[PDB]
Amino acid sequence: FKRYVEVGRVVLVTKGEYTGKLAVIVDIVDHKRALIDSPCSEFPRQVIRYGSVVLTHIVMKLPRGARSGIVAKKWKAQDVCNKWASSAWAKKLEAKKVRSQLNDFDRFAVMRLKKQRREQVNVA
Amino acid sequence: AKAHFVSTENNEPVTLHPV
Amino acid sequence: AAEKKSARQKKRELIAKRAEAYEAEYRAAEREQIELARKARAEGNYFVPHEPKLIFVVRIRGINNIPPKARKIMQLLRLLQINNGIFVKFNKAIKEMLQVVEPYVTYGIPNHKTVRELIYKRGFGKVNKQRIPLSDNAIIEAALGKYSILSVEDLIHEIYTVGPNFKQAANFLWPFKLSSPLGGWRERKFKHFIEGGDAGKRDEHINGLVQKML
Amino acid sequence: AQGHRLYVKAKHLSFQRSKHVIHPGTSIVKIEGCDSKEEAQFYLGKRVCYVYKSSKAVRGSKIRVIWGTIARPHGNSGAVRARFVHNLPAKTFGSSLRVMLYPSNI
Amino acid sequence: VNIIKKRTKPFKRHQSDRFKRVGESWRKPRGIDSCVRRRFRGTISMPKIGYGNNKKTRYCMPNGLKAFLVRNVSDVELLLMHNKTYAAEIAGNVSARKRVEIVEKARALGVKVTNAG
Amino acid sequence: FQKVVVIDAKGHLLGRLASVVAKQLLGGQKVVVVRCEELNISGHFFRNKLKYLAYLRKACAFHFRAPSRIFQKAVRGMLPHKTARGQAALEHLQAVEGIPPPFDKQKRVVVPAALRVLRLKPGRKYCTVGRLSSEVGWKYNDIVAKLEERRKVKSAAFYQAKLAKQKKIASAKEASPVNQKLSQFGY
Amino acid sequence: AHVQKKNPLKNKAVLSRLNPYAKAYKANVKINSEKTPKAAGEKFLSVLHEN
Amino acid sequence: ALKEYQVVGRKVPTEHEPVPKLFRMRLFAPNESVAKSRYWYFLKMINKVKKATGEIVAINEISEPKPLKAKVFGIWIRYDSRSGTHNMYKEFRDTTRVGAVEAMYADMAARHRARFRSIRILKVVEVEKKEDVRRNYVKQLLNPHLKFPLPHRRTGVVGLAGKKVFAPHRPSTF
RNA sequence: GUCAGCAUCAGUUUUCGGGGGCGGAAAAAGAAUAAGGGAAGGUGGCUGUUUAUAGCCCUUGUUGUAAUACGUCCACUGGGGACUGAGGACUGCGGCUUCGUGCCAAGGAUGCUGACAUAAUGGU
RNA sequence: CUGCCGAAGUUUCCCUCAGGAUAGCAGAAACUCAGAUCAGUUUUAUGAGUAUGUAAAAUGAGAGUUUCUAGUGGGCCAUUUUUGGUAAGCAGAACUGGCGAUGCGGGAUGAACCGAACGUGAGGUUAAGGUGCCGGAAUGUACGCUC
């Protein structure tokens, strides 16, 4: 059980309008409701259940019930940003995300990109 | 019924609960 | 020719002036009602607002298996078909009017928008014992000219404000024939509204329902 | 090999029916990929064909096509309702359909 | 104005299929438990006045002409006024000699003949 | 929606897999199930036995006993098998024992909506159709187990050859200088 | 006369015909400003947040 | 969705009773109209003031003052059953006063199959002191060292697709 | 002739979106920033303590003439999809005109184009 | 053959006998007031005992009349009291409806249950009932209980 609900663990919301945004558990209301927040202005603090989220490995030290400003101070101090991106798990998500907003011309260049990648097939 | 004001001076409301 | 053009112009100018007179009163009506609560709440004093002289009643149950006492009442309020709905003068003699057929009708207090939409989109006047639509103001005048009602807005004003000629105007209005609401009702529609159903007094929520029924 | 197929596959599920009455006037089409009632808003209005064959060689082709239009979404899972020029025969329940991308909206 | 027919299939008397003694012609049932008279599910449909066709397109062939039965050439002379709305139909017992006289006369008068062959 | 698909049945629930399968058959998809022995039923083993001895007690029927024949019975109850719509939908469903050779070389998909782990609370009693039927009159429990082991040997051996092969292409993938442009397109 | 009924709430020409004031109505009225005078009785607030 | 409703009203003044007393109630209702109905029911069964001689002076809705602050709520209720009288006192820990009552309606109709009309809310109070709390699971939930894996592991991430019939790989679910 | 394709419209209708009023505790929140108070599920420190090498809660000020939600409303606007095209010289109600002119979404559908006749519809 | 209209299913009496009735319901013709004339409605005022009757504003509707001519005077189901009852059913009335002349959706199937009254079609939208599959529609959301 490396995924462990701990005060201050980072969570990644997978359902609801804030899908994909990172946030950190602040206080454990109950086994079905929790309080999370993020310094990112697009994410207002709210009481979110456990059904829409999957627990992440990264855990940052955080005193219970910290306000958003203190949480922002703790996050910026602990450089959690770009520490999540260090994981190989993260790198795949935007790789899926970047492929989402491609257009036809970008797709064709990818076809040029991968075709030039495959032609080598050089094996000793 | 017509609109009127219900003065609360010396008529303060105390909360109620069932029994 | 020119004389009727002047008659057209002056009469049209009068209707515009009357309409702006009503809406000016309409805006002034809500403004004070907001200031009344604002002043009362600032003082800590409590304010109760005026009673509603207007009630809109929609029949929600069909003509099968209805007691004769309730059948006659529906005949008086002219709700001969399911989904029909008429304007009634909300008074004391209508309190029990809507208690006997309490399970068969949902009724509530209409705001300005609901009264406006219903006549504009569903406005048919009982003219010469016929259901002639209010395509133009001449139809209303040819029927309600005596009561100083000329255009639709005057007719809307006489209804919303519940004027001296409320009876004649609402009697002139053929019972609005509405469509089964878009999105549907609650599951158990035939329970009382306060109990999670959709029958009976739902207060302002008629204004949240008639939008579905148009 | 994959230099064709400018349409989207589908299946003629059934008629838009009550419990005990079929209304053959409008069919039900499940586009291969549609997964929501908001999703079907894209496929509304497109043209859908049912391609079958017969022994008669009309104009040098055993192949016949019955045209149709996607009309509105059906249900919460992404099936739509289609109104074909000829009501699709009852024997094509489960058969394959093509929802070609035109008339477009982009 | 075009033609729309509210119903194409004819009306067949109930159980007409089952019996040869029962004609294929409509007679209204009179039983008090007759599912046909009580209009149950999947039963045959009784003729009503609701099925009546449009007045402006009634007694009209799919080419918009009302069939006027013609016995001799003096009847075709009557359709002189109404070549644009009535179609001359030859009576079935008119001999070959008269029939060609009518068809040639109708062709001269511009009156369509339904069964010119 | 491929024309032919293969559903591995190990760990799937008999009732909830059948309801998914019965619908796909009526859609026209040729569904083939494999490893029908390892299906599961909610309820302890002895309970599902007794509900089966009622089936054998019901007699004039043909109480088919093999695990595939148990599943085929489950699907036949969710099809309109009296009509030619379902009578022609039943014949597409091919349920087999284990994995015959013409299917052990095909990719086997699993139904997320009817797996045992996702649908049963932890610790809940359940039974395996293969074990159950082998105690009702089936006589081929041992032979399919031996045959399945042999195929597992060949399949595992096949992976090791493929694992090294893809490792070679895994090692030679970075040699492409277009990897930077691959990163820019997120691919 | 009146072959059809055209919806006044969707047909502008019919709307102007029926109501010759819809031409100049000016719905969204800037009656307030940023200068909203928050007015609430303190005793009202206390009795509001009671119990 | 319930709302807090401070409902204040009094009987109709008359020559016998020129100054009626303003009663107050903090009762819950899905809309304003239901609040009136519950008000008349709550008061008439108790104080015997007739409907037709009563008017209501003010309906207000009370937003949660500090919704973001986790709290423990004490809820005195009266069960109505075959007997019709049970002094039950439940406790729930959550963020909003309305949310606690919702769960109390959820539990009362689930654990005990109660009905909204039958159940009358007696008093809802905040429990600011852990010592004042009386429930072991709440006491355990109030401990300084709370820690537990996310229960119902499958409910996390569920399947995460639109219509994912025939997934090509087994789900880890761990 | 038959059948398609599109455009602008009219009637009914469904479906997403943008902008803007007004109301609520003139939303509650919250943030930032000054006071005071309190403590913990007690942090640094030393089981016990009061912001220190974490912080938290309460009251007020202030950034505030705050945002948002929610409710309501706009005779404010962007689209997408479907069914229907009845009536058949002109009158009428209106709007822009241009004060002869006319025009118009205003007392119910027209314009452009393509394909087929050994076909396509339709009928048995 | 199509169309229109359309009941009563019961009092009243007379009556040795079977019935006869008058009335009601259904119609057809001839004549008044443009009415405050009626209403399976409720109010206003009561009077007496929360109910009861009575007379005197709300709402809807055009309300009337004299004359004749059919058909009918069964029963079933469920509610109210109810007096007499007991292992327990019951037994008895008074009363109220609906079915009886009526298709339709739902209730797996159905005389009375839940919805709904039917010209012929098009679209839209609902009721009751529902959305695992047969079967049209979420193997939806949330919180719980049960081996």
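Applying the criterion of at least 3 residues that are over 27 Å from residue B:9 (Cα atoms) and out of contact with any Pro (no Cβ under 7 Å at 6 or more places or on another chain) to the strands (runs of 3 or more DSSP E) found wholly in segment H:1-117 leaves H:71-79, H:86-94.
For residue D:14, the stated conditions hold: it is within 12 Å of the chain's Cα centre (by Cα), within 11 Å of RNA strand J (Cβ to nearest atom) and closer than 22 Å to residue F:25 by Cβ.
Scanning for something among the charged types (D, E, K, R) and away from every other protein chain (no Cβ under 13 Å), does segment D:34-45 turn up at least one residue?
no
Please find, among A:115, A:91, the residue that is away from RNA strand J (no atom under 16 Å from the Cβ) and within 16 Å of the chain's Cα centre (by Cα). Before the answer, list the steps.
Numbers: A:115 fails: within 16 Å of the chain's Cα centre (by Cα).
Exactly one of A:115, A:91 is away from RNA strand J (no atom under 16 Å from the Cβ) and within 16 Å of the chain's Cα centre (by Cα), namely A:91.
One residue stands out among those in segment A:34-59 that are assigned to a loop (DSSP other than H, G, I, E, B), within 11 Å of RNA strand I (Cβ to nearest atom) and not basic (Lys, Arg): the one that is farthest from residue H:147 (Cα to Cα), which is A:41. The listed residues are E:93, E:63, and the only one of them that is farther than 24 Å from residue E:9 by Cα, out of contact with any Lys or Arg (no Cβ under 7 Å at 6 or more places or on another chain), polar (S, T, N, Q) and not in a strand (DSSP E or B) turns out to be E:93.
What's the total number of residues in segment A:20-33 that are at the interface with another protein chain (Cβ under 10 Å from one of its Cβ atoms) and either over 17 Å from the mean Cα position of the chain (by Cα) or away from RNA strand I (no atom under 12 Å from the Cβ) (or both)? Let's see the steps before the verdict.
Start the filter on segment A:20-33 by keeping residues that are at the interface with another protein chain (Cβ under 10 Å from one of its Cβ atoms), which leaves A:26-33.
From what is left, the residues that are either over 17 Å from the mean Cα position of the chain (by Cα) or away from RNA strand I (no atom under 12 Å from the Cβ) (or both) are A:27-33.
The number of residues fulfilling the criteria is 7.
Look at segment G:32-48: where a residue is more than 9 Å from chain C (Cβ to nearest Cβ) and a partner is of a type in the set (S, T, N, Q) and surrounded by 12 or more Cβ atoms within 10 Å (Cβ to Cβ), sitting 6+ places away or on another chain with Cβ atoms under 9 Å, you get G:48/H:6; G:48/H:60. Considering segment A:76-104 alone, what residues qualify as being within 14 Å of chain F (Cβ to nearest Cβ) and hydrophobic (A, V, I, L, M, F, W, C)? Within segment A:76-104, A:85, A:88, A:90, A:93, A:95, A:98, A:102 meet the criteria.
Checking the conditions here, which among C:167, C:113, C:129, C:89 is surrounded by fewer than 17 Cβ atoms within 10 Å (Cβ to Cβ) and more than 24 Å from residue C:29 (Cβ to Cβ)?
Numbers: C:167 fails: more than 24 Å from residue C:29 (Cβ to Cβ); C:113 fails: more than 24 Å from residue C:29 (Cβ to Cβ); C:89 fails: more than 24 Å from residue C:29 (Cβ to Cβ).
Unique residue meeting the criteria: C:129.
Considering (1) under 18 Å from residue G:44 (Cβ atoms); (2) outside the structural domain of residue H:12 (by CATH), the lone condition that residue H:72 does not fulfil carries the number (1). Here G:1, G:24, G:13 are screened, and the one residue that is among the hydrophobic types (A, V, I, L, M, F, W, C), loosely packed, with under 11 Cβ neighbours inside 10 Å, away from RNA strand J (no atom under 16 Å from the Cβ) and more than 10 Å from chain C (Cβ to nearest Cβ) is G:13. Per the listing A:61, A:97, the residue uniquely under 14 Å from the mean Cα position of the chain (by Cα) and either over 20 Å from residue H:67 (Cβ atoms) or surrounded by fewer than 17 Cβ atoms within 10 Å (Cβ to Cβ) (or both) is A:97. Only residues that are more than 12 Å from chain A (Cβ to nearest Cβ) and either crowded, with 18+ Cβ neighbours inside 10 Å or aliphatic (A, V, I, L, M) (or both) were counted in segment H:59-72, giving 2.
Need a quick list: strands (runs of 3 or more DSSP E) entirely within segment F:1-106 having at least 1 residues that are within 13 Å of RNA strand J (Cβ to nearest atom), more than 14 Å from chain D (Cβ to nearest Cβ) and of a type outside the set (A, V, I, L, M).
Numbers: elements: F:4-8, F:30-34, F:40-42.
Correct list: F:40-42.
The set of residues in segment H:1-51 that are aromatic (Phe, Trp, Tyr) and more than 18 Å from the chain's Cα centre (by Cα) comprises H:23, H:40.
For segment F:109-123, indicate whether the set of residues that are more than 14 Å from chain A (Cβ to nearest Cβ), assigned to a loop (DSSP other than H, G, I, E, B) and either within 30 Å of residue A:102 (Cβ to Cβ) or under 16 Å from the mean Cα position of the chain (by Cα) (or both) is non-empty. Scanning segment F:109-123 turns up at least one residue that is more than 14 Å from chain A (Cβ to nearest Cβ), assigned to a loop (DSSP other than H, G, I, E, B) and either within 30 Å of residue A:102 (Cβ to Cβ) or under 16 Å from the mean Cα position of the chain (by Cα) (or both). Regarding residue A:65, is this residue in contact with a strand residue (DSSP E or B) (Cβ under 8 Å, 6 or more places away or on another chain), in a loop (DSSP other than H, G, I, E, B) and more than 23 Å from residue H:93 (Cβ to Cβ)? Criteria not met by residue A:65.
Checking the structure you have, find out if any residue of segment D:57-77 is of a type outside the set (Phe, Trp, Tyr), outside any strand (DSSP E or B), closer than 20 Å to residue D:93 by Cβ and more than 8 Å from RNA strand I (Cβ to nearest atom). Break it down into steps so the answer makes sense when it comes.
Going through segment D:57-77, the residues of a type outside the set (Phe, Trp, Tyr) turn out to be D:57-66, D:68-77.
With the extra rule that they be outside any strand (DSSP E or B), the set shrinks to D:59-60, D:75-77.
Checking the rest, the ones that are also closer than 20 Å to residue D:93 by Cβ come to D:75, D:77.
After this cut, where a residue has to be more than 8 Å from RNA strand I (Cβ to nearest atom) as well, the list is D:75, D:77.
Looking through segment D:57-77, at least one residue is of a type outside the set (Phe, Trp, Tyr), outside any strand (DSSP E or B), closer than 20 Å to residue D:93 by Cβ and more than 8 Å from RNA strand I (Cβ to nearest atom).
For segment H:92-131, a residue qualifies if it is closer than 20 Å to residue G:51 by Cα, touching a helix residue (DSSP H, G or I) at 6+ places or on another chain (Cβ under 8 Å) and within 14 Å of RNA strand J (Cβ to nearest atom), and the qualifying residues are H:92, H:93, H:94. Residues that are more than 8 Å from RNA strand J (Cβ to nearest atom), within 12 Å of residue C:58 (Cα to Cα) and either of a type in the set (A, V, I, L, M) or in a loop (DSSP other than H, G, I, E, B) (or both) within segment C:160-214 comprise C:175, C:178, C:199, C:202, C:206, C:209, C:210, C:213, listed in sequence order.
Here the Cβ is made from the backbone with ideal geometry for all residues, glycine too, and neighbour counts use every protein chain on show. Numbers and lists here come from the model and the stated rules, or from a named source; these are not laboratory values.
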